[PDB]
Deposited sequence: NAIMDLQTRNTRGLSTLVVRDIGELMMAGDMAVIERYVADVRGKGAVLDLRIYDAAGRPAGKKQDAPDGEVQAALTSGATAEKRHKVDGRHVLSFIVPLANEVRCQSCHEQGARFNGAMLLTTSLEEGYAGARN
């Protein structure tokens, strides 16, 4: 668990409170209602996978390889509407005890969330 949902909700509440604050400056409740309607039913985690340094999962994956090559997280919206994040996993010094220090990354993490209201897998 690691209490992820609670931590995610806390982070999300901070984001939402920040946006609500901007909307409140207008002194118009209608704008609040429209923000809420666009947020409801979304955010559910749809998938979480791990890939090796070659872009292969647990043939290589082009987007993952590209992500590994660019050395940056890749954000891709695609279809149900969903959002996918490919995060390269850095071969930190603590990891180097079991992963050759010659590799910048040991693999990548694929996270996908739902942008479809009411859809959670």
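The chain's deposited sequence has unresolved stretches at 1-2, 61-65, 87-89, 132-134, with no C-alpha coordinates there.
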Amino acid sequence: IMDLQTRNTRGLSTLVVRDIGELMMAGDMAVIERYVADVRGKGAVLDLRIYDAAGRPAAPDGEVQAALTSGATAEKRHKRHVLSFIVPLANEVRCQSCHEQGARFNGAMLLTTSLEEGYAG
From here on, numbers count along this sequence of modelled residues.
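Checked against the record, the higher mean CA B factor of 110-118 and 3-11 lies with 110-118. The mean Cα B-factor in the deposited entry runs higher for 64-72 than for the other of 82-90 and 64-72. Ranking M25, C98, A103, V17 by the C-alpha B-factor listed in the PDB entry places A103 at the top.
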